Amino acid sequence: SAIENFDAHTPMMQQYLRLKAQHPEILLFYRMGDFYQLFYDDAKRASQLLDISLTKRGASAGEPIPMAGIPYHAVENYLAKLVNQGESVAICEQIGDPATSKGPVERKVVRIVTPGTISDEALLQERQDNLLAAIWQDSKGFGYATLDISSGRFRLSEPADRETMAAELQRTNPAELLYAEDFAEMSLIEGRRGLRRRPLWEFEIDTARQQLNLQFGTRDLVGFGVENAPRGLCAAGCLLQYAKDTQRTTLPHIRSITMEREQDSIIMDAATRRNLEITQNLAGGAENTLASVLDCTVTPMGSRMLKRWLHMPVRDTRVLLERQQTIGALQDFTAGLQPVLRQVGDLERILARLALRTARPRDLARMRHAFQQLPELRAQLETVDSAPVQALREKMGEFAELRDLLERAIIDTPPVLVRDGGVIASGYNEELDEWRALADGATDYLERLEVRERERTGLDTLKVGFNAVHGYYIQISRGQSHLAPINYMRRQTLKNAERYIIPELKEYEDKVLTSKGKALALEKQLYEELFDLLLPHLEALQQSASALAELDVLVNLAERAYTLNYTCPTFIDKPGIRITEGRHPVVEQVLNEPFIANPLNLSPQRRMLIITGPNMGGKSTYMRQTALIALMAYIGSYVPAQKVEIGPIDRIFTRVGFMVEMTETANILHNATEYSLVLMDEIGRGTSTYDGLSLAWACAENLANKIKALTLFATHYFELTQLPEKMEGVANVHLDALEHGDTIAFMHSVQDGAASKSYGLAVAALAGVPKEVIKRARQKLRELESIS
Amino acid sequence: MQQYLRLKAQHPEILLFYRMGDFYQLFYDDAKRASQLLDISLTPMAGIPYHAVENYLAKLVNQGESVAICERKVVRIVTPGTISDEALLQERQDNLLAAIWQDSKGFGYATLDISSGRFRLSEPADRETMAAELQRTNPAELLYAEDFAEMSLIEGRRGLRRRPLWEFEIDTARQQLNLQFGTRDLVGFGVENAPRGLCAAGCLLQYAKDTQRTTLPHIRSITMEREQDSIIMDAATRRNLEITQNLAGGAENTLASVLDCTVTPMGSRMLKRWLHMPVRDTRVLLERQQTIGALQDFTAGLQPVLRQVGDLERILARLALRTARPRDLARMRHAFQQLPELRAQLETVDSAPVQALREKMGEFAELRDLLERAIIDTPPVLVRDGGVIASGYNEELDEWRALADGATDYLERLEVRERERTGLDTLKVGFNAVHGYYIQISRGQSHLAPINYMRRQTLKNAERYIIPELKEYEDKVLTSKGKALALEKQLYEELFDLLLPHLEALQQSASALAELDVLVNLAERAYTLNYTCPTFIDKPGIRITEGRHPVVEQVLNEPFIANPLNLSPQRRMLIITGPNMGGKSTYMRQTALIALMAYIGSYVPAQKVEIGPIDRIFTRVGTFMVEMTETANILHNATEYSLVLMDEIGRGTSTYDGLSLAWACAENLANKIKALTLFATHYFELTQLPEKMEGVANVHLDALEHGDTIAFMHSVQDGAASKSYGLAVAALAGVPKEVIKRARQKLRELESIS
DNA sequence: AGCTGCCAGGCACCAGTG
DNA sequence: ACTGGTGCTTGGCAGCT
Ligand SMILES: Nc1ncnc2c1ncn2[C@@H]1O[C@H](COP(=O)(O)OP(=O)(O)O)[C@@H](O)[C@H]1O
Ligand SMILES: [Mg+2]
């Protein structure tokens, strides 16, 4: 192998290796003329991933250099293939002029595309958030931060233990996760996508405080409510440094950060989120989830928001009452408002492209279209007497001046890119109309010259055309070419035609080309100038989009409440849940038979229910629908019952029945309070007969007598139906079944008390177990029943 | 695209690829279904590039979709069960076409491997066996009749193909099958009185033929697979034993990942067929045993040679179909060149069956030499552009080539001549399709082009010209190359004519080579992995000394613990108590895997295995309802020659219900069915079973508490267990001390009545 | 509407003359 | 050192059929 010292390198590879050195573990797309190039292992890897040719750049001194590339104009399709696989890519461009550089033109990395910093519409899913996170660990707990680069939403939390951290990763589901190198609990994090090991120094607290204050223009973070939170600040500081390093521009839409405190929301553990099938079902799909039912938002930014609420229920009584109020007030207005809200589109994401100075012409066109909907929205919402609706109406704004600007500046349907022009409209800049008019008293001139020269020469094949490589020409066929004026300067020869130039045409070529380059250069100057006039209003524009997304969510929840027959729940002072004719929101829509509504009464005196009933009798569904009603109540939605009264809930824990069951259970026992809702679904496993049930008993007992949480405790262990007897706060309910001769009917109705019996043998027979075996099993059963 | 509609009507069940430019494009419901299947975008249009079409055919074909291609009319169709091109197939995985049909009596089933010509027919007697045959054979494409009643069997399957009833008519099937095989009746195949089976085989054969529009001379035979010739295993058993596929859908940590170090793709595919179909006939088994023992010493020598043989089976299919490409003939040649050496190595082996495989392997010396002379060392992928036929094979071809090379030589000397005369260092001769041969000169020098040069094309920095002299020799080069290209193709088609008469003997060779690869591998595995030769007894029984689980013992870096087993008619059920934690399950599954391997003819991971006949293996290992439904299947179908492994049934319902079921099953398995059974349980009350009845005994696993953990020992010991560990595992996991203390009190109180 | 092959714009290489 | 020719990815499209 060759000693690759600096001097043994060509000027090209000197520069290239300097720049790859600053990006040693990621693919570097390196601009040379019309191509992005890769070298060495980048080329080999790119070749395998992207399905392009692996070639060689020849070398005078040494071994050939592996090489691959793509034309600059095809870059975004390739960037998409890469980022979809979790690959980052540094984009290196030419800064300088080749004509004034002796050696290689100056080259800089201008951006890095990574899975959690993308903002382009082609690389994202419309209805799903794409978050960058950072995480780190102390001896005591975790700091965690999230950034949605394509809306500027920047958050910080400090999950106190392992399980809260598992729960947070599941909630936020980052596309890319920066973690510190000394991270101990790797089981939380390994086998996630877009994992990015970072050095310790990027989590340093003084640096974080410094960069965040600089980003926000503040002396301190007191006003944001995070000066208190160095654990979280350390993560947020890593995150911000990564974001600035990927974008390499200012980020004026990141103007704020907020701490998500434990107390602010209901904290659902990892099992609970999975078990309720909120946005993801139990097989990874998005069908048959709570979102598949509640989500008929008409804008992308609203679909995202609704899913954020579903996942993070709020404990602020005022916010909830305000949301409920809104939903009752808009019930009659949904049909008129939705088709209009739809037309606003995904303004949030456009505003981020505007902030990053990346917005394309169709973004400004959709921004303009959106502004055009604001008066119709304003008019429709005026009539609605509800202060919260009016507060949104106000916050959404109007932006008359900016709407006018975009109507006058850009044409009706502009092209996808500004690169080829045809974007700025006539009337907006007079210097531009003058340059376009010189390259447009042009198509007409070439025709009159064609006809004039055809008639003058007498040569009827004479045509005038253009060719990018050779320029304008007069063409005569081969058979007539020998008759051409001797004045005609030969320019391009073809198999069956000859092409010429004369000074009149050459002078007209020189004027059309230099005035096209002036028209385009000035279009680009003016289009960048649209950003300068929009940007000052960014703060108010971002508030408008969030208002519009909220509107979309609530208008939606109003239509859902109507169409699906939901009521307004009420909040009470003490823990408790009173449901009348309650229903599983999801199961009631997918079942092709009537859903049996069910009550529930939980209070501080009636705090644990031991639920029995046969397998397939409805014990899990009844538990889940309780949690779903609680969750819907605490995002502000109407709920799928005929009446619900509900007290404060701090946390929802779930255990759905090895070392893992007993560990999850201990978490519940260490961290549940009198304000928690606890769903235990057939827990207690051991290696012998009574082993695991005894544990279940002692656990039920600790939940009832010490923690005093509100617990639904589904079991197959009939012995646990003795607990009410011995234990203040516990009672039996059950799922009713009937045995009419040789079969079982599942009624799906909760009744008070323990069931008459268990039905393990009935269910057994239903499953086809031979009748001779069930006969002996009953005989044995009666032996056991005679014990007492 | 008003013309697209009329071509979609022609085949409305199949996806239509529709050529335009570099792409094939799909519209309406084809585009929708194709974008979710393949990963591509919408517009209703999706499209694929031309240079990768075979890749997207392979992916759609792998998912059960037939595909028609249009170039204007439908010129080619690929169906999932009838492909044979190597780009579309997976090297180490069988691809079957199947037909199924149903009588008032029972089922008819047929399978075909279009590449090998392996054609099978069965008549599964009931619902459960039919389900077992479908999961085992896993056809890529499945023809069924319109009136098929039991749609629950096939509903979920990829590549379903609804078919008219008349395709399953018996007299037509008999007739087409007799014609295909050159026979007057099917007695010589032993299927003459299997009319349900034949109806399935006739529909299948018709469909194959229709998709090929070609004779299928490699399909010369059919066999019938009978119930009693194999150990039956339902899907759940097959899945639990992790034969070819693991529970997560992959190929790792599987029985095949450990046993299948074969060296040819055809041998690997045959080994996997053997693993999934253990046979009851000990005659066949003994021969495989003897061969495995006789080949121990020859293994290091044989395998590097056999690896060079490659996939002769699949290359041969393409010879049968007349689609074999130059590297297929070149690999066939390469395989013929190994036979002398394999013949020499095997001559010494003391084994009638190895000597039979050695005869059947053949030599084909005359075909070896034919392709040595006919084709060059490393021919190009396609015949299309020539350069495949060797120089010296045909005199006429050598002359056209010399005439081309002499005109090509002339034009190189013309280049140097014109370059010397004019004094123009940039002068050169090139060639392309538009201008044929031309003289190029750069733009800076082109103004000194001789006046006899006729300009033809201006480039940005060059001018190309012609002269009469140039066009003259172009004509020599081009006409020569054209005659030699047409001659190469005619000579290539002639190789097929000379090779194909030996097709039958060549399919025997590839098959023998495949078997040898299986056995040479199994012999290397027996010797490498310390396996031993099992013996067979006349009555049911399993006696294992230091048995091991073959996958677990290679996969984990912790000492594997070997265990005995003694099952006989006097001792036919073991009640296995103690912690499970993997140990009971592994012990039970290694029992099944040893039995399965004994019944493949392999050596087995043990110091000693004696084993009686086994008709079925049932392993219900690892909702309550699905657990009870699987138990139901055992109790309805197991016999006194069955092996039954059951993992702690009763869990998921109440203590007394579940204990009553477990008790009553055990009784039934021991007193009525009399299977050989390992009955794993958590119920201590079941350890009283040995006192209450004959042929039942107690064993157990225990654990050792030390330092701050627990070591769950994997050693099976005599007697009931006397410890539970649920509570000890709760303490370790951090369940508060006071909770455990209370659980201990309640445990004692609960167990004390019992 | 298809198929072949020049071109884009960087920089290096290479071979002939200062 | 300086002059003028070459080559290299892929995708667009001219220039021939
Ligand atoms: N209230 C109800 N009305 C109608 N069907 C129900 C109801 N609750 C549950 N089910 C259905 O019955 C089946 C069993 O429900 P499940 O909650 O799993 O019972 P369990 O957990 O007790 O075995 C599921 O298909 C479920 O959809
Ligand atoms: Mg359940």
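For the numbers below, each heavy atom of this structure counts, side chains included, while hydrogens, waters and symmetry mates do not. Lettering of chains follows the sequences in order, A, B, ..., and the numbering in each one begins at 1.
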Can you tell me which nucleotide in [options] comes closest to the side chain of [X]?
X        : options               : value
A:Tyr78  : C:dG5, C:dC13, D:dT10 : D:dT10
A:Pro71  : D:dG11, D:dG5, C:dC13 : D:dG11
B:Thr426 : C:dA8, D:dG5, D:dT9   : D:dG5
A:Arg57  : D:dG11, C:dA12, C:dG2 : C:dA12
A:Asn467 : D:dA14, C:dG9, D:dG7  : D:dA14

Distance, rounded to the nearest Å, where [X] contributes [atom1] and [N] contributes [atom2]:
X        : N      : atom1 : atom2 : result
A:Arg491 : D:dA14 : CZ    : P     : 17 Å
A:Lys56  : D:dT9  : NZ    : P     : 12 Å
A:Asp42  : D:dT9  : CG    : P     : 19 Å
A:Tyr72  : D:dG11 : OH    : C1'   : 12 Å
B:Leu459 : C:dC7  : CG    : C1'   : 10 Å
B:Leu427 : D:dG5  : CG    : P     : 12 Å
A:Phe29  : C:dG10 : CZ    : P     : 19 Å
A:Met12  : C:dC13 : CE    : P     : 9 Å

Pick the [atom1] atom in [N] and in [M], then give their distance to the nearest Å.
N      : M      : atom1 : answer
D:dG11 : C:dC11 : P     : 23 Å
D:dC8  : C:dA15 : P     : 15 Å
C:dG5  : D:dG7  : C1'   : 15 Å
C:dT17 : D:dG5  : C1'   : 14 Å
D:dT6  : C:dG16 : P     : 15 Å
C:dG18 : D:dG4  : P     : 12 Å

Cut-off 3.5 Å, side chains only: do [X] and [Y] have a donor facing an acceptor?
X        : Y        : result
B:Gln3   : B:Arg72  : no
A:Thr461 : A:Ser477 : yes
B:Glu418 : B:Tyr453 : yes
A:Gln37  : A:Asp42  : no
A:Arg31  : A:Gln94  : no
A:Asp7   : A:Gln14  : no

North (positive) or south (negative) by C1'-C2'-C3'-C4': which describes [N]?
N      : result
D:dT6  : north
D:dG12 : south
D:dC8  : north
D:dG5  : north

Worksheet item: Want to settle it: does B:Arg443 or A:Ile70 sit nearer the 5' end of DNA chain D, counting the closest nucleotide to each?
Response: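 Result: B:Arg443.
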Worksheet item: Where each residue is assigned the nucleotide of DNA chain D containing its nearest heavy atom, which of A:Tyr36 and A:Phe466 is assigned the position nearer the 5′ end?
Response: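 Taking each residue's closest nucleotide, the earlier one in sequence belongs to A:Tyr36.
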Worksheet item: Does the pair A:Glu87 and A:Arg45 meet the rule for a salt bridge (charged side-chain N to carboxylate O under 4.0 Å, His left out), with working shown?
Response: CA-CA 11 Å; A:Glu87 296 282 7; A:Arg45 182 143 134 265; 2.7 Å; yes
Reckon [X] has a side-chain N or O less than 4.0 Å from the OP1 or OP2 of [N]?
X        : N      : value
A:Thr55  : D:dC8  : no
A:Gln37  : D:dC8  : no
A:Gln492 : D:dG15 : yes

Worksheet item: Do we count A:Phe35 as stacking onto D:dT9 if the rule is ring centres under 5.5 Å and planes under 30°?
Response: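 Ring-base stacking flag set for A:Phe35 and D:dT9.
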Item to complete: Would you jot down, in residue-number order, the residues of residues 102-111 of chain A having a non-hydrogen atom under 4.0 Å from DNA chain C?
Response: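 Within this stretch, A:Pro104, A:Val105, A:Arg107 sit under 4.0 Å of the strand.
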Worksheet item: Residues from residues 460-483 of chain B sitting under 4.0 Å of DNA chain C, heavy atoms only?
Response: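 Under 4.0 Å from DNA chain C: B:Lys460, B:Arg464.
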Item to complete: Could you tell me whether a side-chain N or O of A:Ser47 sits under 3.5 Å from a main-chain N or O of A:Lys44, the two making a donor and an acceptor?
Response: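 A pair under 3.5 Å: no.
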Practice prompt. Spell out, as yes or no, whether a donor-acceptor pair under 3.5 Å connects the side chain of A:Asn467 to the backbone of A:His470.
Written response: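 Indeed, once roles are kept as given, a pair shorter than 3.5 Å links the two residues.
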Worksheet entry | Min side-chain heavy-atom separation A:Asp440-A:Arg436 under 4.5 Å |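 Counting from C-beta outward, A:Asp440 and A:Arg436 never come under 4.5 Å.
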Worksheet item: Is there side-chain contact between B:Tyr437 and B:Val477, with heavy atoms separated by less than 4.5 Å?
Response: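 A side-chain contact under 4.5 Å exists here.
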Discussion item. Before you tell me yes or no, could you show the steps for A:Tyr500 and A:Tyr473 under ring-ring contact (aromatic ring centres under 6.0 Å, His included), namely the whole-Å CA-CA distance, both residues' side-chain angles and the distance that decides it to 0.1 Å?
Written reply: CA-CA 5 Å; A:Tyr500 300 92; A:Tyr473 58 81; over 10 Å; no
Fill in: Paired stretches of DNA chain D - 3 or more consecutive Watson-Crick or G-U pairs, each distance under 3.5 Å
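Expected stems, ordered by start: C:1-8 with D:10-17, C:10-14 with D:4-8.
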Worksheet item: Are A:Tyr36 and A:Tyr72 an aromatic pair by the rule of ring centers under 6.0 Å?
Response: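 Here the rings of A:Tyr72 and A:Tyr36 have centres that are no less than 6.0 Å from each other.
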Discussion item. Return whichever of B:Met20 or B:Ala433 has its heavy-atom-nearest nucleotide of DNA chain C closer to the 5' end.
Written reply: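 Result: B:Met20.
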Worksheet entry | Near-parallel close bases C:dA8 and C:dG9 (centres under 5.5 Å, planes under 30°) |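 Stack absent between C:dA8 and C:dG9.
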Practice prompt. Take B:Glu415 and B:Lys428 through the salt bridge (charged side-chain N to carboxylate O under 4.0 Å, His left out) test and state the conclusion after the steps.
Written response: CA-CA 6 Å; B:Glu415 175 187 328; B:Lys428 49 178 76 109; over 6 Å; no
